[PDB]
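Below is one structure, written out as structure tokens, with a few remarks after it.
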Amino acid sequence: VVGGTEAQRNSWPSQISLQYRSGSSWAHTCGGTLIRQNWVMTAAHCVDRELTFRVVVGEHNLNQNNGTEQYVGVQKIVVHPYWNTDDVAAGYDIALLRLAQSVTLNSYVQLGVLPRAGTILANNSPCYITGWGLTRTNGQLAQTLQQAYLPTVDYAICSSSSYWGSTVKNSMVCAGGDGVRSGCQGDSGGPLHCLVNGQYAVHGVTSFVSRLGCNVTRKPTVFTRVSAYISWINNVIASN
Ligand code: NA
């Protein structure tokens, strides 16, 4: 997250760190959201590589023991069947991961609440992106979980020529684009939290940014719109 601030350690208890085994150690690769005690939602492009993955819940500092972490292996990966890895802009950038064990809920570990199907945010709606991704274009991952305030940019604007044009689809949500704050590498897969009727819900899964840099004016971060996939999610969980 570029232009973020450190999150309080109990602010975003559905956030997870997806990590891969890197020799003797593990390394953060992307974010996700806990949506059942044994299921995680993330971006399809995060699990494109044939790596060994684990999920960490209750994480705050990637480089220190917080006393709150639970570590759990990934048993099954279900990627959206229309996902195509060389066309991120076609959409369907969403995957569900079934965990080997169910995690225990507490003030650091909670299920993400999803929006009702079909729900679309009005332009300029207040939202936060959270994650451990790079803190600057071509920079290094954050140590501690970061948050940034990114108001939504509606489809009519985002899909206009000086923004994203045809690369943004109605199955996506855009937010930010002020040139100071944005998503960045390592934030993929993680949540966009938006406050609606008094309650934060996860409306977006972080999908892509501009190749010209993370925080570029009129290139808002693009998220998979979770409210377009509620039936899909429910069908997967019920059939596995
Ligand atoms: Na830690």
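Using Swiss-Prot numbers, chain A covers 27-266, in order.
Placement of Cβ uses the backbone N, Cα and C atoms for every residue, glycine included.
Cβ contacts within 10 Å of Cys72 (disulfide bond), excluding its own Cβ and spanning all protein chains shown: 27. What Swiss-Prot lists as disulfide bond is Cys56-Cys72 (among others).
Of all Cβ atoms in the protein chains displayed, 20 besides its own lie within 10 Å of the Cβ of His71 (active site, charge relay system). According to its DSSP assignment, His71 (active site, charge relay system) is helical. Positions annotated as active site, charge relay system by Swiss-Prot: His71 (among others).
The Ca(2+) binding site annotation in Swiss-Prot covers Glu85, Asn87, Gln90, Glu95 and rests on experimental evidence. Spatially close to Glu95 (Ca(2+) binding site) yet at least six residues away along the chain are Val82, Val83, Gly84, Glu85, judged by Cβ distances under 8 angstroms.
DSSP assigns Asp119 (active site, charge relay system) to coil in the three-state reduction, placing it in neither a helix nor a strand. Marked as active site, charge relay system by Swiss-Prot on the basis of experimental evidence: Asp119 (among others).
Taking all protein chains in view, 23 other C-beta atoms sit within 10 angstroms of the C-beta of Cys220 (disulfide bond). The secondary structure of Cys220 (disulfide bond), as reduced to three states from DSSP, is extended strand. Residues or ranges marked as disulfide bond in Swiss-Prot (evidence: experimental evidence): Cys153-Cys220 (among others).
Counting only same-chain residues at least 6 apart in sequence, those with a Cβ under 8 Å from the Cβ of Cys184 (disulfide bond) are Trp190, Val194, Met198, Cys200, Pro246, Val248. Annotation comment: Swiss-Prot describes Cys184-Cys200 (among others) as disulfide bond.
The annotation disulfide bond is assigned in Swiss-Prot to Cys210-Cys240 (among others) on the grounds of experimental evidence. Every protein chain shown contributes to the tally, and the Cβ of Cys240 (disulfide bond) ends up with 25 other Cβ atoms within 10 Å.
If you look up Swiss-Prot, you'll see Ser214 (among others) marked as active site, charge relay system. In the shown protein chains, 26 other C-beta atoms lie within 10 A of the C-beta of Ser214 (active site, charge relay system).
Considering only the recorded positions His71, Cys153, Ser214, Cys220, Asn87 (Ca(2+) binding site) has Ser214 as its nearest partner by CA-CA distance. Here is what falls inside 10 Å of the CA of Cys72 (disulfide bond) among the recorded positions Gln90, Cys153, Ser214: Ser214.
Proximity note: of the listed recorded positions (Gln90, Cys153, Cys220, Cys240), none has a CA within 10 Å of the CA of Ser214 (active site, charge relay system). Highest Cβ count within 10 Å among the disulfide-bonded residues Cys56, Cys153, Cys200, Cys210: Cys210. Not one of the recorded positions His71, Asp119, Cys153, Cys210, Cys240 has a CB under 6 Å from ligand 1.
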